[PDB]
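Structure data (mmCIF, N, CA and C atoms) from query_0.cif:
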```cif
data_structure
#
loop_
_atom_site.label_atom_id
_atom_site.label_comp_id
_atom_site.auth_asym_id
_atom_site.auth_seq_id
_atom_site.Cartn_x
_atom_site.Cartn_y
_atom_site.Cartn_z
N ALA A 1037 -1.76 -19.26 12.72
CA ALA A 1037 -0.76 -18.44 12.04
C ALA A 1037 -0.48 -18.95 10.62
N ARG A 1038 -1.54 -19.19 9.85
CA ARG A 1038 -1.40 -19.58 8.43
C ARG A 1038 -1.44 -18.25 7.67
N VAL A 1039 -1.54 -18.27 6.35
CA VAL A 1039 -1.63 -17.05 5.53
C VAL A 1039 -3.00 -16.41 5.76
N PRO A 1040 -3.06 -15.15 6.19
CA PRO A 1040 -4.37 -14.53 6.44
C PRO A 1040 -5.22 -14.49 5.17
N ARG A 1041 -6.53 -14.65 5.35
CA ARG A 1041 -7.43 -14.59 4.21
C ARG A 1041 -7.49 -13.18 3.62
N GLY A 1042 -7.61 -12.16 4.47
CA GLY A 1042 -7.60 -10.80 3.97
C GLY A 1042 -6.27 -10.43 3.35
N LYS A 1043 -5.17 -10.76 4.02
CA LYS A 1043 -3.82 -10.50 3.54
C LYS A 1043 -3.68 -9.03 3.12
N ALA A 1044 -3.82 -8.15 4.11
CA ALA A 1044 -3.72 -6.73 3.84
C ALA A 1044 -2.28 -6.34 3.49
N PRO A 1045 -2.11 -5.30 2.67
CA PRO A 1045 -0.76 -4.79 2.42
C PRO A 1045 -0.15 -4.20 3.68
N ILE A 1046 1.18 -4.23 3.74
CA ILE A 1046 1.92 -3.78 4.91
C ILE A 1046 2.91 -2.70 4.49
N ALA A 1047 3.23 -1.81 5.43
CA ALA A 1047 4.21 -0.76 5.21
C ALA A 1047 5.58 -1.30 5.62
N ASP A 1048 6.29 -1.88 4.66
CA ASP A 1048 7.59 -2.46 4.95
C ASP A 1048 8.60 -1.40 5.38
N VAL A 1049 8.56 -0.23 4.76
CA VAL A 1049 9.50 0.84 5.04
C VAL A 1049 8.74 2.15 5.20
N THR A 1050 9.34 3.08 5.94
CA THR A 1050 8.78 4.41 6.13
C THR A 1050 9.31 5.34 5.05
N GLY A 1051 8.41 6.03 4.37
CA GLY A 1051 8.81 6.90 3.29
C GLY A 1051 7.64 7.71 2.77
N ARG A 1052 7.83 8.29 1.59
CA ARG A 1052 6.81 9.09 0.93
C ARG A 1052 6.04 8.17 -0.03
N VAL A 1053 4.79 7.87 0.32
CA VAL A 1053 4.00 6.94 -0.47
C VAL A 1053 3.76 7.53 -1.85
N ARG A 1054 4.13 6.78 -2.89
CA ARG A 1054 3.89 7.16 -4.28
C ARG A 1054 3.07 6.04 -4.90
N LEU A 1055 1.75 6.13 -4.76
CA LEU A 1055 0.83 5.07 -5.15
C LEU A 1055 0.10 5.48 -6.42
N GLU A 1056 0.10 4.59 -7.41
CA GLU A 1056 -0.66 4.77 -8.64
C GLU A 1056 -1.80 3.76 -8.64
N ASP A 1057 -3.03 4.26 -8.73
CA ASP A 1057 -4.22 3.45 -8.50
C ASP A 1057 -4.61 2.74 -9.79
N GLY A 1058 -4.33 1.44 -9.86
CA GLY A 1058 -4.82 0.62 -10.95
C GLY A 1058 -6.19 0.06 -10.64
N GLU A 1059 -7.17 0.34 -11.50
CA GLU A 1059 -8.54 -0.06 -11.21
C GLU A 1059 -8.67 -1.58 -11.11
N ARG A 1060 -7.80 -2.35 -11.78
CA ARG A 1060 -7.81 -3.85 -11.75
C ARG A 1060 -6.89 -4.35 -10.63
N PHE A 1061 -5.63 -3.91 -10.56
CA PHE A 1061 -4.69 -4.25 -9.50
C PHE A 1061 -4.04 -2.97 -9.01
N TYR A 1062 -4.24 -2.65 -7.73
CA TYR A 1062 -3.58 -1.49 -7.15
C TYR A 1062 -2.07 -1.71 -7.13
N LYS A 1063 -1.33 -0.68 -7.54
CA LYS A 1063 0.13 -0.69 -7.49
C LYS A 1063 0.57 0.37 -6.51
N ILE A 1064 1.33 -0.04 -5.49
CA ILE A 1064 1.70 0.83 -4.38
C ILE A 1064 3.22 0.89 -4.29
N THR A 1065 3.75 2.11 -4.24
CA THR A 1065 5.18 2.33 -4.06
C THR A 1065 5.38 3.46 -3.07
N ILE A 1066 6.46 3.38 -2.30
CA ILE A 1066 6.78 4.38 -1.28
C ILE A 1066 8.24 4.78 -1.45
N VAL A 1067 8.48 6.07 -1.65
CA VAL A 1067 9.83 6.59 -1.78
C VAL A 1067 10.44 6.66 -0.38
N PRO A 1068 11.55 5.98 -0.12
CA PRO A 1068 12.14 6.04 1.22
C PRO A 1068 12.58 7.46 1.57
N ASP A 1069 12.41 7.82 2.84
CA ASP A 1069 12.83 9.14 3.30
C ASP A 1069 14.35 9.27 3.28
N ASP A 1070 15.04 8.41 4.02
CA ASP A 1070 16.50 8.46 4.05
C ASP A 1070 17.09 8.16 2.68
N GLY A 1071 16.54 7.18 1.99
CA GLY A 1071 17.03 6.82 0.67
C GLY A 1071 16.80 5.35 0.39
N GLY A 1072 17.09 4.97 -0.85
CA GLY A 1072 16.92 3.59 -1.28
C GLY A 1072 15.91 3.44 -2.40
N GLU A 1073 15.40 2.23 -2.59
CA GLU A 1073 14.44 1.93 -3.63
C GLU A 1073 13.03 1.88 -3.04
N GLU A 1074 12.06 1.62 -3.91
CA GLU A 1074 10.65 1.56 -3.52
C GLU A 1074 10.20 0.11 -3.44
N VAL A 1075 9.56 -0.24 -2.33
CA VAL A 1075 8.89 -1.53 -2.22
C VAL A 1075 7.59 -1.45 -3.01
N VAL A 1076 7.35 -2.45 -3.86
CA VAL A 1076 6.23 -2.43 -4.80
C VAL A 1076 5.24 -3.52 -4.41
N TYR A 1077 3.97 -3.14 -4.32
CA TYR A 1077 2.88 -4.06 -4.02
C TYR A 1077 1.90 -4.06 -5.18
N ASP A 1078 1.56 -5.24 -5.67
CA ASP A 1078 0.56 -5.42 -6.72
C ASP A 1078 -0.65 -6.10 -6.07
N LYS A 1079 -1.53 -5.29 -5.49
CA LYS A 1079 -2.68 -5.78 -4.74
C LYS A 1079 -3.93 -5.77 -5.61
N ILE A 1080 -4.97 -6.44 -5.12
CA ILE A 1080 -6.24 -6.51 -5.82
C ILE A 1080 -7.03 -5.24 -5.53
N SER A 1081 -7.71 -4.72 -6.55
CA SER A 1081 -8.39 -3.43 -6.48
C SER A 1081 -9.86 -3.55 -6.10
N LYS A 1082 -10.34 -4.75 -5.77
CA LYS A 1082 -11.75 -4.93 -5.45
C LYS A 1082 -12.13 -4.33 -4.10
N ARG A 1083 -11.17 -3.90 -3.29
CA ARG A 1083 -11.44 -3.38 -1.97
C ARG A 1083 -11.52 -1.85 -2.00
N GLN A 1084 -11.69 -1.25 -0.82
CA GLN A 1084 -11.78 0.20 -0.67
C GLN A 1084 -10.65 0.67 0.23
N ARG A 1085 -9.77 1.51 -0.31
CA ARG A 1085 -8.55 1.90 0.39
C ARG A 1085 -8.85 2.37 1.82
N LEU A 1086 -7.88 2.15 2.71
CA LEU A 1086 -8.01 2.50 4.11
C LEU A 1086 -7.37 3.87 4.37
N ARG A 1087 -7.42 4.31 5.62
CA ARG A 1087 -6.92 5.63 5.99
C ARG A 1087 -5.42 5.75 5.73
N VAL A 1088 -5.00 6.97 5.40
CA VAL A 1088 -3.59 7.33 5.31
C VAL A 1088 -3.17 7.91 6.66
N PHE A 1089 -1.94 7.61 7.06
CA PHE A 1089 -1.41 8.10 8.33
C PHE A 1089 -1.03 9.56 8.18
N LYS A 1090 -1.80 10.44 8.81
CA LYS A 1090 -1.63 11.88 8.74
C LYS A 1090 -1.67 12.44 10.15
N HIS A 1091 -1.38 13.74 10.28
CA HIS A 1091 -1.41 14.37 11.60
C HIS A 1091 -2.76 14.17 12.27
N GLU A 1092 -3.84 14.19 11.49
CA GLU A 1092 -5.16 13.94 12.07
C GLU A 1092 -5.30 12.50 12.54
N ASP A 1093 -4.78 11.54 11.77
CA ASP A 1093 -4.92 10.12 12.07
C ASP A 1093 -6.40 9.74 12.17
#
```

structure tokens encoding of this file:
Amino acid sequence: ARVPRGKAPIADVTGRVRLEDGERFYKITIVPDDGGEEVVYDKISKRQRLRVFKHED
């Protein structure tokens, strides 16, 4: 249980994802449904984005 090597981003809160794709560092923000501020992630862009949670899943 050390720091994972992959260290994937996590969905801290449930909301409307408002992500702006930075080719060097991905910047991820999610507008909360009920309300509040956006949790901001400055991740590395060398990877390939994963699936979005949709009705199809």

Inset, instruction - Evaluate the PyMOL selection byres (((chain A and resi 1079 and name CA) around 10) and name CA) here and jot the selected residues down as a PyMOL selection string. - result: chain A and resi 1043-1045+1058+1060-1064+1076-1078+1080-1083

Axis-aligned box for all listed atoms of range 1059-1078 of chain A, 6 Å per side, centre and edges in Å to one decimal, as lines of an AutoDock Vina configuration file:
```
center_x = 4.2
center_y = 1.6
center_z = -3.9
size_x = 37.8
size_y = 27.4
size_z = 27.8
```

Just list the residues in chain A DSSP gives strand (DSSP E) on the backbone, as a short mmCIF file (atom, residue, chain, number, x, y, z; two decimals) with N, CA and C atoms, keeping the file's coordinate frame.
```cif
data_model
loop_
_atom_site.label_atom_id
_atom_site.label_comp_id
_atom_site.auth_asym_id
_atom_site.auth_seq_id
_atom_site.Cartn_x
_atom_site.Cartn_y
_atom_site.Cartn_z
N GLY A 1051 8.41 6.03 4.37
CA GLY A 1051 8.81 6.90 3.29
C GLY A 1051 7.64 7.71 2.77
N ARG A 1052 7.83 8.29 1.59
CA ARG A 1052 6.81 9.09 0.93
C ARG A 1052 6.04 8.17 -0.03
N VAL A 1053 4.79 7.87 0.32
CA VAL A 1053 4.00 6.94 -0.47
C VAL A 1053 3.76 7.53 -1.85
N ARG A 1054 4.13 6.78 -2.89
CA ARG A 1054 3.89 7.16 -4.28
C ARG A 1054 3.07 6.04 -4.90
N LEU A 1055 1.75 6.13 -4.76
CA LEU A 1055 0.83 5.07 -5.15
C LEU A 1055 0.10 5.48 -6.42
N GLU A 1056 0.10 4.59 -7.41
CA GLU A 1056 -0.66 4.77 -8.64
C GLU A 1056 -1.80 3.76 -8.64
N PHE A 1061 -5.63 -3.91 -10.56
CA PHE A 1061 -4.69 -4.25 -9.50
C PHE A 1061 -4.04 -2.97 -9.01
N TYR A 1062 -4.24 -2.65 -7.73
CA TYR A 1062 -3.58 -1.49 -7.15
C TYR A 1062 -2.07 -1.71 -7.13
N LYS A 1063 -1.33 -0.68 -7.54
CA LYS A 1063 0.13 -0.69 -7.49
C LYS A 1063 0.57 0.37 -6.51
N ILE A 1064 1.33 -0.04 -5.49
CA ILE A 1064 1.70 0.83 -4.38
C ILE A 1064 3.22 0.89 -4.29
N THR A 1065 3.75 2.11 -4.24
CA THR A 1065 5.18 2.33 -4.06
C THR A 1065 5.38 3.46 -3.07
N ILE A 1066 6.46 3.38 -2.30
CA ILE A 1066 6.78 4.38 -1.28
C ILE A 1066 8.24 4.78 -1.45
N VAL A 1067 8.48 6.07 -1.65
CA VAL A 1067 9.83 6.59 -1.78
C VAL A 1067 10.44 6.66 -0.38
N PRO A 1068 11.55 5.98 -0.12
CA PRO A 1068 12.14 6.04 1.22
C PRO A 1068 12.58 7.46 1.57
N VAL A 1075 9.56 -0.24 -2.33
CA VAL A 1075 8.89 -1.53 -2.22
C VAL A 1075 7.59 -1.45 -3.01
N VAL A 1076 7.35 -2.45 -3.86
CA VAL A 1076 6.23 -2.43 -4.80
C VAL A 1076 5.24 -3.52 -4.41
N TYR A 1077 3.97 -3.14 -4.32
CA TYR A 1077 2.88 -4.06 -4.02
C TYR A 1077 1.90 -4.06 -5.18
N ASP A 1078 1.56 -5.24 -5.67
CA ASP A 1078 0.56 -5.42 -6.72
C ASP A 1078 -0.65 -6.10 -6.07
N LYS A 1079 -1.53 -5.29 -5.49
CA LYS A 1079 -2.68 -5.78 -4.74
C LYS A 1079 -3.93 -5.77 -5.61
N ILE A 1080 -4.97 -6.44 -5.12
CA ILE A 1080 -6.24 -6.51 -5.82
C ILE A 1080 -7.03 -5.24 -5.53
#
```

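The gap separating atom C of residue 1086 in chain A from atom N of residue 1038 in chain A is 24.4 Å, in Å to one decimal.
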
Legend entry - Residues returned when the PyMOL selection byres ((chain A and resi 1065-1071) around 6.5) runs on this file, as a PyMOL selection string: chain A and resi 1050-1056+1063-1064+1072-1077

Inset, instruction - One decimal, Å: what's the distance from CA of residue 1090 in chain A over to CA of residue 1059 in chain A, could you say? - result: 24.3 Å

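If you look at CA of residue 1089 in chain A and CA of residue 1041 in chain A, they are 23.8 Å away from each other.
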